[PDB]
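This report concerns only the one structure given below.
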Amino acid sequence: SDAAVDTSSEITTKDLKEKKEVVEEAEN
């Protein structure tokens, strides 16, 4: 199924620094 997301399994760490930055900005 990740082939329909252009193999997000390689980039997901860049996505998770998003999910930690977006989330600190939700507590700020």
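For the UniProt record's numbering, count along the sequence shown from 1 and bump the result up by 1. No residue lacks a Cβ here, since even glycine has one placed at the ideal position from N, Cα and C.
What span of residues does the alpha helix (DSSP H) with residue i cover, start to end?
{"i": "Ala27", "result": "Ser9 to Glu28"}
For residue i, which residues of its own chain have a beta-carbon under 8 Å away from its beta-carbon, when the five flanking residues on both sides are left out?
{"i": "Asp3", "result": "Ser9 and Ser10"}
{"i": "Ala5", "result": "none"}
Residues in the same chain with beta-carbon distance under 6 Å from residue i, minus the five sequence neighbours each way, listed in chain order, please.
{"i": "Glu26", "result": "none"}
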